[PDB]
Structures are given as structure tokens and as C-alpha cells.
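Chains as they are written, first to last, in this note's numbering: chain A, 1 to 310; chain B, 1 to 310; chain C, 1 to 310; chain D, 1 to 310. Using N, Cα and C, we set each Cβ at its ideal position, and we do this for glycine too.
There are 4 protein chains.
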Amino acid sequence: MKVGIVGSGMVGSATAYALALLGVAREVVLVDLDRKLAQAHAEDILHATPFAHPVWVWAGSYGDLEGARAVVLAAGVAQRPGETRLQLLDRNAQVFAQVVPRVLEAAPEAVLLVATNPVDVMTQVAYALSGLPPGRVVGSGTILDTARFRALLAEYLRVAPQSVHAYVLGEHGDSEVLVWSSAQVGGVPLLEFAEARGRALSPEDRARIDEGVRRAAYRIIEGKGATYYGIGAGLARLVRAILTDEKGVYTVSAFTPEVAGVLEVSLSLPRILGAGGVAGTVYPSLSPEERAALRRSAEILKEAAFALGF
Amino acid sequence: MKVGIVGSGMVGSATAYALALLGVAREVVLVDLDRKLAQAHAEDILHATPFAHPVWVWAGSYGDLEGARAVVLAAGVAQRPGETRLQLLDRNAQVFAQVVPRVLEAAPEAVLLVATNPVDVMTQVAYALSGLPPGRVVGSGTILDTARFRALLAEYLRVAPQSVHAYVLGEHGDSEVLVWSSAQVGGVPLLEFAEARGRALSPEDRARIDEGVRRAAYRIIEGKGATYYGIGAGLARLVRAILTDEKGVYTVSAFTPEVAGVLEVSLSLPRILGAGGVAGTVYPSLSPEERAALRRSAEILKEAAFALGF
Amino acid sequence: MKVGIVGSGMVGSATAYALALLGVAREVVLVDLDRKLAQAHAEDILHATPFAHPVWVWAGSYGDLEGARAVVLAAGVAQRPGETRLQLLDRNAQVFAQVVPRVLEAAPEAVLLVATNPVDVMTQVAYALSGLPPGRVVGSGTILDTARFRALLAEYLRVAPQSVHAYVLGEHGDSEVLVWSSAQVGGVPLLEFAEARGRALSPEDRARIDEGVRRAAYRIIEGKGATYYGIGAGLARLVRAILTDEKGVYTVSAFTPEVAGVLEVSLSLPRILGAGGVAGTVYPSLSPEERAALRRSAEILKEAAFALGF
Amino acid sequence: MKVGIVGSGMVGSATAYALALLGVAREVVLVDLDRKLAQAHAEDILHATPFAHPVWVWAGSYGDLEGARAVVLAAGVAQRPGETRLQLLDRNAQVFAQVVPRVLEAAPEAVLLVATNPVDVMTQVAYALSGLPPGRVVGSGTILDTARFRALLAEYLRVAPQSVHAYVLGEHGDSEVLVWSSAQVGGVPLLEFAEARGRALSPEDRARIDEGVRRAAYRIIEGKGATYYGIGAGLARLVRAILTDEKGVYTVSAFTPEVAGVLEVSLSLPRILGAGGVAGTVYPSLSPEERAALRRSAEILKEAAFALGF
Ligand SMILES: Nc1ncnc2c1ncn2[C@@H]1O[C@H](COP(=O)(O)O)[C@@H](O)[C@H]1O
Ligand SMILES: Nc1ncnc2c1ncn2[C@@H]1O[C@H](COP(=O)(O)O)[C@@H](O)[C@H]1O
Ligand SMILES: Nc1ncnc2c1ncn2[C@@H]1O[C@H](COP(=O)(O)O)[C@@H](O)[C@H]1O
Ligand SMILES: Nc1ncnc2c1ncn2[C@@H]1O[C@H](COP(=O)(O)O)[C@@H](O)[C@H]1O
């Protein structure tokens, strides 16, 4: 199986690295405006492969995405000193109007996997531009945060993260929604499991966990200037779900008909991921306070969209 | 890490095979009354190891269980033509009174993992005989059936089995309880997920799934005379949980203070499994009809116990 | 990819179990003259898959073989205490005369992988009956003995087994030839390297190792009645080689035009194994004594074949 | 087991990422002069672990190294466009003069694994400063070039890379020596085997391959400014070797008493790597020309060391 990556920067190369080390696909093609950057990365990683799995990593052009089952969109421009967040965005939407036609013309059956920040806005742009069914354009969204959430709860509960079912929904960023109300652990409600364990879960415990999840990205960016190891591996996992037609449940961003009262917007909700992308959406139970944050989250996004032409 | 297996028959050797192929432990010691059977098995499997993982598989005696972190009890005698189920049992309880002291004298810190059928009665015998804390003696119980249950639901729902949380509780056998009432899929109740999918789940669907789970063991036994591949791999998974202090949730059999109104009995309930065995029990929600079957199940067992001296 | 297995006893079933546990193929079809046996093994194995890899194991007829990339031929008769080498051969030959045509009708394009003892002569009849090109029919042959030979030499020298290059060639059995003369370790002559590590191989060392290798199968059979755990994993490796078009080097059995003067006979030589079966032979340096041993080995196999009419 | 990493830039961080993704160790501690960088990389990586293996990645000080079985030394200075080979060396030497003492105070019993360029001279200073026995300080050296050499030869011959035995020796850099003369494939002389497959290595073939190997790092650096993806996985393999006491053969750098007449210098030779670090050397056959190339290589490294006072 072949997999493509457009934008061979930290995020794109880190995704290629994770795919290689995990032996997810047998072939990975990197594409970038800076051809020598993409070649340098391909060969750097190729140097790794004999110490992991046989994976053919190379750099090429769009035409070389031919036969790819999924193409990661990790392309984007560098933030200018004194530039708004609103113009950085516009520029990237411009990059994407260039990239999407060129991807789908070479690889008309590929699922599109959006990585470039802000993931939800960029996921919408990509959906509009593709003209494909809504399930074919998937954004990484809040997967990392959902896993962080579960990890912290598992830590607190002295249990395996695998038995913790909790979600982070909505906008990947500071307004994302941690779904405390309906999270389960070992098939039973969070709080009941917590107390049959000697660990109520004080409002102060919840604040610590919410910070742990909510501000991770920010702390990472503050310390090294950008995130990529995490998403690299998250994306690899999503590619795996696609290639193996896994139909596993993931909090990923996609174009939604409606959510919490808002129409036609891309945000994270637990979705069934497989061969053709996302075929089906789970709708977890929300507290009034939780769904109010979700719609407010949905509000912000869907207006950012229109106000960019998408 | 070292792991021991007492009873090097189909079940014990198949467990050793699964441990080897999966590279769960670095060393596996087999023990059997028939020394040459155990040696033959160890070396047969050792022939396999270069095609999987470096695992030192050998045959020895009880003293050779020294340093084992877990010891599988897969020992048992062959059914006699014209013998009751009640006397086959008695004989095995006799085998176990021999085996348990000898295991724990060589390996005083090992977790005991019971395999020999009937698992719940044999798990009780082993608990009584050990004199160890209740969490140190774990039976495979209904793990296979819990996984079968989840697999069939996942099949029906066109979803990944990993997102299906459902339990089979109680007595490993024809009176086991499939917990339909409170099963979840992707963190939401089974039936709500089923309908937001176009698949109500008719009483006829439930009957098909219940047969699929309930009678698998019987069909297998009917066709080749005994089950071992399944439990082999199930046991390997339990050994893994122990060795990695995973604290993962498994429907395994253990001595319980109380369950559905019955006191001091070994049966399957979802339990946290780790370094010292099982440290904690989940209590899933049950329908009135479900808990009535659980107690009736508990009834049968706990009397089989006393009536055997354990 | 689909793998077929014809002959679902201990050899065929362990193979399928090993395929499942290692996640070599997505689908494994079991075929046996005893239909309920195959079905029982299939369900027993399917019970294990949740504890390893998503693998679809099921039992069916010869037609259910359609599209299989490789077919393991493990069908044969129950041994009879007292019967000769040649008597058993006559019976299994009789079996392949039924099985082979049926496989090729259903999956003409499958690589045939022969496992049934004596594997060298059985490979010879599978090949003659198949009318396939010579590389598309391959017996497991001597692979387990080659691997044990490397392991014992690695133990003696205190190095990883992967560092050791040595072969056992010819008949899978008493006459097989350990190639001491040109054995390498980390790319250098074994004797030289052994002496450099300050440990020249005494005749007694050589003697103990030969025994360890050549008489392994004998001990397993005396102790438990048959071998299967070993070959199951070796066979799974061979299947993997074929599915992934590895072009790996394996001492497997195949029809060979001439060897040490003996003409048109099937035995193990190091061969390159990939998607079409074998496609290339490696000729290690044989001392004069080893060539004579090989010649003698080939002559034994050639006479056995001739008496059956092959 | 705990692995330490000192120097948490692109080389140190990819290493940790590769350790995490491959599940080599349970704990990886990151140490950097820039504390928020290390913390950021640690959290970025921790974000990936749910999509791979339970690995605890965190950032701390030198004391947090206590109990580490191996420590990766990847600390160094930012390159300066225009600076010489010797200038950069002087700066990194200065760095190890601070780092080394601090590591040995905290984890005296850790195998030191050197990564910082130029790795051969840096290994030399780590060794002299450490006062450790010679095998307990090991540089990554030439491993990536050895592996690329095998891959290109395997591609040319159309065989699996595992079948190919060949080494690159000496300086990790321009003077490194590809050992054509005694290269083996499947245990036989490469030239002979190449000709047997009907494909003798033309001078142009040899020429293209040398280039492919020797100038890989150069291209990666021109295209993206530094190498790290490759060495990260190579280093993770070396750590694995040490943690598991593999006694595997690797072309890694270490202090060597004499080589081709050059005395007391660190360079890559094939070495046996296990729990104490390296403990044995393998001496491949060098043609007269290769010996001269090696001699020349060793002399270059020895002069560089001497000018720093080592
Ligand atoms: N139109 C485009 N097509 C492909 N790659 C692009 C395009 N525009 C920018 N890039 C690359 O996207 C990458 C973003 O890097 P990073 O933000 O570090 O992941 C950079 O390597 C850019 O060269
Ligand atoms: N006291 C005992 N200690 C160890 N192994 C035993 C004992 N009694 C019976 N066994 C073995 O337990 C195995 C049960 O085989 P199976 O029922 O096929 O798993 C047989 O191989 C017996 O030899
Ligand atoms: N003509 C045949 N077609 C298919 N399977 C067969 C045939 N003859 C024997 N077998 C099976 O081959 C298997 C041999 O088992 P084992 O020798 O234990 O690997 C048994 O399960 C037999 O039923
Ligand atoms: N004395 C030191 N102790 C610890 N880390 C250091 C020291 N000097 C430099 N480093 C780090 O070494 C790393 C080199 O990064 P790179 O060359 O990209 O692998 C940088 O993160 C530096 O901060």
C-alpha cells in the first residue's frame, strides 16, 4: 500500500517517520515545494528503515501520488512577524486551493487527511475544495487530546488507558470540550468507577486534568516552537485505520451536517474510520454546560469559514 | 521475565506456544508428570522461536519454577469412560492439592493463573489451597466468551471490536451471562448505537449472537475433542497484563466476597489485572433478569465448592 | 491476502495458529477430509484472534481456496506403529494424488508449500502431479534444522543467532548435512572466529551440536508422538516470505536438476523465496566430505521417489 | 528499564521518539541545557505514545539519570556556516568536558552511547574523560552507512537485505571504507554470487553504490540542514541491543589499541554489542587496498584527537 504526504516539513516528515518506524504502509511518498527538503527527509528516514520495517520512502511530485490510498495534507507557510492569525490562515487556504486539485487529479480515490493548523478550518477548506463526499476529507482534530484526557484519567484511576473511554470534542484548541458527563471506565460511568476505587474526583482534580490536556500544545509550542512528534504518530494511526478498513472510533474533524444547533461545520466528534474515510458518527451524551460549549465552539468555527469563502 | 506452566498437555503447551510466538516472556518453563511429554513440547516450540521471538522454552520440575512471576495451572487427568463429571472433578482437585503447595514453595511470589476445566471450581480449589490473598489466584474464566461476544456485536454493527464494550459474566459454561442491558459501543448504549446505524437488534439477532458465544466451546469439543488454541492465547494475554503491570480490565474468575447475593464464590467479573494479580473489581449494571441468572449461576458454583471440601 | 491450508490436523492447525498469532495473513482457510475437525480448529483459533491480530480463520471446501496466494499442503495419514518409512510414504503419496489436483483446480496460481512427512519425497510428488514450474512447489524441508544449527553455534560462541550463517542441507532427516566447512559468523569463517574468541570447536563440541540438531525431531516424536509447533512457525515464516515477496534465503526443498551428480530430485538447498515461490539457488562451499554426504542424501531421496514411480 | 538522553535537540529527540515508537524502553529521560526545550520534546513525544507503546517520556536534570541502563550522549553546539571541521570539534569537545563527568556521577554504571558529530573523535573524548573500561563507551559510528551498503547491494542483486553481509568501516565520513572484497551474500562471496545471478558488478555499479552510501549524509545536510531521523532509529537499535544483551554484530565506534598500525584511536569496526557495551571485535578480510584505506582513515581520526589533546 502507498501513502502520500504533501508538505514535507516537521509535521509531514514526522508523520513519514512514524509511518516508517511502525511499518504502517509499504511505501511513503513525500512532496514539497522545496524539492531538496523533501528529498533530504525521505533519505534521512530511509536510513532508519533497516532498523525497523521495510518501507519505501521517497520524495517526488504530485503526479507521484498516483495510487496513494491516503494523502496527508501537512503543507503550509511560515508565520510572518507582525502578521495576524487571520492572514496566516488566508495564505494557507491559498496553498490548499493549489494542493487539493493537484492531489486528487493524481490520486482520485485517496482519502484526504488534514494536519495543517488550525485543523478544523483547514479541514473545511479542503472539503469545499475537493468536491468529494464529506467522509473522504478527515482532519486529525482532537485525537491527541482525547488520548491525553484518557491517559490522565487512567493515571488518576490507577487503570489501563485502554479501559478509559472519554472524549475531547469540538475545536482543536482552547475551546475544545472535555466530555466529563458521560465518560466511562470499564463500561461504567466515570464517577461511579472513581468512587469504587477511593478517588471521588474533586473539582480541583478536574481542573488539573483539563489544564493537562488543554494547554499541552501551548506548552510544547512555547518550548520548541511547534508540535510534530505527537501528530506524526496520531496521523500514522489514522492512516493505519484507513488502510486496514478498521472502522475504529476516533475523535477526528470532518464536515458535519449539524452539531449542537449549528449547520455545516467541521469539528471533532467520535467517528467510524475506515477504507473510504469516515462512515458514521457517534453522538455521545452531553451536559447542558457541555453542549453550550460545543455550539459556542461550532459558532466560532463556522463563521471563520464563511469569512474566508469556504 | 520467567513464566511457568504446570501441566504440559494441549492447554499448557498451547499456552507456551502463544507466549513464545508473541514474545510475552523471555523464559517459559514447562512442568508435567510425564517428563518426556514436557521435554518434547519445550523443544518442539523451541524449534519455532527463531521464526518469531527469542524466548527460552524448556522443561523442568517444580523447583525449576523458581523466580517465575506467574505460573499457569493447566494440569489435569483424562476423563474415564463411564465416569461422572463430579468424579472427574474430584480427581483434579486431588491433582491441585498436590500441585499448589509445590508451585508456591518454589515460587512464593508468583500469581497463579488457573486454566484447567471447570475453571471456576478449579479456581476456588486453587485459592483455598494457596492461602494467598484472593487477588493472587486468577482464573481465565470467560475471557474468550467476552471477546467472542464483542466480536459478534462488532460484526453486526460494522464497527471495530475494540470499540465494543460488552461482558460475559459468571460461570464459564452454559449458564454464563451475556450482559446485554449495559453494553456500550463507542461510549454509548448498545441499542442507541445500533439504531443510529440502521440495525435495531431483533430478539432473533440476540439469539444468534448468544448461540455464537455460548456454544462455541461445545462445537469445538464436538469436532476435535478439546479446546486449546483459544485459551492458550487468552492466557498469554493475561500473563502479559501481569508482567507489564497493565491494570487492564478482564472478565476473569476469582474468589469474590459477594456477588448478586451469594457469598464467597469464584466466578467471572470484570477485574483490574496487574503485577500482583487482580487488584479491584468493576460492577457493571445488570437487568433484573441478568442478575437473577448471575446469582443462579453463583448458586450452582458455590455449592459445587463446599461439596468438594473447598 | 488469503492463505489456504489443506490438511487440518496438528501440523495444518498449528500453522494456521501461528499465521494468526503473527498476523501474517488477513484470511486463512482450513480444509480437511474431516469437516468438523477443520471447523473446530477454525473456531478454536478464531477464539484467540482478539488477543493478537484481526485474522479471519474459517473452514471450508477446496473451492473456498480460490484466490489463495499460497496453499499449505499438510494432509496425510495417521502413523502406524511398526510401519516402514516406505509404507507411510506410499500412503501419503496416495493422499497427495487426491489433494493436489483439487488444489490446482481451485487456486492454480497459488504457490504450493509442502509440509507432510517425508517432506522431500512429498514435495517431489506434489511437483510431478502439479505440472507447475519447479519454483512454485516448495517443501519446508530443512529450515528448522538450519535454524537450530545456527542457535547452537551462537550459544557456543556467545553471539546473537542472526550473526551466524550456517545451513543444514539435503534430506530433512537422518542423512541431512550440517555444513561446518563454510559456516560464517559475522561474515568470517566460523572456525577462525571461534578460535579468535578463544574457543576452537572440539570434535566433542561438533559431536554434541550435530546431535542437538539431527536428533531433535526424534526426541520430540518419542516424547509426544509428533512434531508440529516448530514447523507451524517455520511454515508461517515461509508464507510471509511469499506474501511479501521477500526474496529471503531459506534451506527449503524443491525439484533440482542436478546435485553432486544425482539427477532430478527434491531436497533442501539454500533458495531465494519470494512471490513466485523459489527463484534462485545459493551454492555454499562444500568440503569433499560434505559433497559426499549430500550426494548420498540425494541418492536416498531419489530411490524413494523412483519406487513410487516419481 | 530506563534510558537516558543528554542533548535533546533533533538528534536526541528523534532517538527518544524512535525508542518510544518501537517500545524499546519503559522509561526515557530527556536532559538538555535548554530545560523548556527538553520538556517540550518530552510532552510532544508523550502525545504519541498512546498510538504505539506505553512509554514514559519526561525531561529532567542529570540526577534524573540515576539507574539508566544506557545514556545517549547527543549534546552539541549549533553549526556555524563557514566553520571548519576542527573548529566545531573544539566546541563539542568543550561540551563533552561538561556533560561526561555529570553523567558518570549520576549513572556510573550506564553504557555511554555517543552520537554527537564527529562521532569518532567525540567517542574518543567521552572515553578518555569517562575513565571507563573501553567497551562501555560506544559511538554510533558507521552503522547507518553499513546498513545502506547492504540495502543497495540487495537491491542490485534482488535479494532481501538480511541476506547481505557487508560492512563500512573506519571514520563515519568521507574516508570510510566500503569492504567489497570480503562481502558475502547468503554466505557466499558477493562477486561470485553476483556473477551466478548473471550480473557481475561493473566499475560503474561499484561507483554508483559507493556514492549512494558515502555521500548520503552530505545530501541530507544540503537539503534540510542536518541528519537525525536515520541516526535516531540506528541509536534505538543499539540501545535495544544493550538492554536485551543481544551480543549482535554492529559497525560501531570504540577505542581500539591498534588497527593497521595506527595506535589507540576510536573508529567503527564490527563489534559484539550487549549488556556491558561492546565485548569483542570481528576482523573481516581486507584486501591490501582496503587496509590502506582503513589505515589512512584511522590516521585522520588519530590526528584530530591529538590536536585536542586526546
Ligand atoms: N503548495 C505547497 N505544496 C507542498 N508543500 C508546501 C506548499 N507550501 C508550503 N509547503 C511546505 O509545507 C511545509 C510546512 O512545514 P511545517 O510547518 O514545518 O510542517 C514546508 O516544508 C513548506 O515548504
Ligand atoms: N500432578 C500433575 N502435575 C503436573 N502435570 C500433571 C499432573 N497431573 C496431570 N498432569 C498433566 O496435565 C496434562 C493435562 O493435559 P490436557 O488435558 O491435554 O491439557 C497432561 O499432560 C498430564 O500429564
Ligand atoms: N485427502 C485428504 N484431504 C484433506 N485432508 C486430509 C486428507 N487425508 C488426510 N487428511 C488430514 O490430514 C491431517 C493430518 O494430521 P497431522 O498428521 O496431525 O498433521 C488429518 O487431519 C487428516 O484428516
Ligand atoms: N552542555 C550541554 N548539556 C546538555 N545539552 C546540551 C549542552 N550543550 C548543548 N546541548 C544541547 O544539544 C542539542 C544539540 O541539538 P542537535 O544538534 O539538533 O541534536 C541542543 O538541544 C543543545 O541545547
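The CB of residue 165 of chain B comes closer than 7 Å to the CB of 187 in chain A, given here in chain order.
The beta-carbon of residue 230 of chain C is placed no less than 8 Å from the nearest beta-carbon of chain D. The three-state secondary structure of residue 201 of chain A, taken from DSSP, is coil.
By the criterion of a C-beta distance shorter than 7 Å, residue 61 of chain C is surrounded in its chain by 31, once the five residues flanking it on both sides are discounted. Residue pairing by DSSP places residue 271 of chain B opposite B/250, B/281 in a beta bridge. At a threshold of 7 Å, residue 225 of chain B does not count as near ligand 3, since its beta carbon sits no closer than that to any of the ligand's heavy atoms. Interface residue (Cβ-Cβ distance to chain C less than 8 Å): residue 222 of chain B is classified as such. Within the chosen limit of 7 Å, ligand 2 does not reach the beta carbon of residue 13 of chain C with any heavy atom. Residue 93 of chain C is not bridged by DSSP to any residue. Within the same chain, Cβ atoms closer than 6 Å to the Cβ of residue 2 of chain D are found at 27, 67, 68, the five residues on either side in sequence being excluded. Each residue's CA atom was taken as its position, placing residue 235 of chain C and residue 115 of chain C some 8 Å apart. The shortest C-alpha to C-alpha distance from residue 133 of chain A to any of A/277, A/13, A/293 is the one to A/277. When CB distances to chain A are screened at a threshold of 7 Å, the residues of the region 145–159 of chain B falling below it are 158, 159, in chain order. For the pair of segments examined, the region 224–243 of chain D was found to touch the region 2–19 of chain D: the number of CB pairs separated by less than 8 Å reaches three. Per DSSP, residue 73 of chain D is not a residue of any alpha helix (DSSP H); the beta strand (DSSP E) it occupies stretches across 68–73. Neighbours of residue 39 of chain D in chain A, taken as residues whose beta carbon is under 8 Å from its own, are 219, 223 in chain order. DSSP links residue 184 of chain A through a beta bridge to A/165, A/189.
Taking 8 Å as the threshold, the shortest C-beta distance from residue 21 of chain C to chain B falls below it. Sequence-ordered contacts of the region 238–263 of chain C with chain D read 246, 247, 248, 249 [C-beta pairs closer than 7 Å]. Around residue 230 of chain B, the same chain offers 144 as residues with beta carbons nearer than 6 Å, after the five sequence neighbours per side are excluded.
Residue environment for residue 72 of chain D: buried (at least 16 other C-beta atoms within 10 angstroms of its C-beta). Contact with chain D is found for residue 284 of chain C, since one of that chain's Cβ atoms lies less than 8 Å from the residue's Cβ. Between residue 252 of chain D and residue 148 of chain D a beta carbon distance of about 15 Å is seen, past the 8 Å cut, so the two are scored as non-contacting.
DSSP, read as helix, strand or coil, puts residue 222 of chain A in helix. Annotation: residue 27 of chain B is outside any alpha helix (DSSP H); the continuous beta strand (DSSP E) that includes it extends over 27–31. Partner residues in the beta bridge of residue 258 of chain B, as assigned by DSSP, are B/263. Here the region 257–270 of chain A lies against the region 159–172 of chain A, with 3 or more beta-carbon pairs under 8 Å apart. Under DSSP, the beta-bridge partners assigned to residue 111 of chain D are D/70. Around the beta carbon of residue 290 of chain D, 16 or more other beta carbons sit within 10 angstroms, so the residue counts as buried. By the Cβ neighbour-count rule, residue 287 of chain C is exposed, with fewer than 16 other Cβ atoms within 10 Å of its own. The continuous alpha helix (DSSP H) containing residue 234 of chain D extends over residues 229–244. The DSSP-derived three-state label of residue 154 of chain C is helix.
With a cutoff of 7 Å, residue 37 of chain B counts as near ligand 2, since its C-beta is closer than that to a heavy atom of the ligand. Taking 8 Å as the cut-off, the beta carbon of residue 39 of chain A is found closer than this to the beta carbon of residue 59 of chain A.
For residue 57 of chain B, the enclosing beta strand (DSSP E) covers residues 56–59. Residue 4 of chain B sits in a strand when the DSSP states are folded into three classes.
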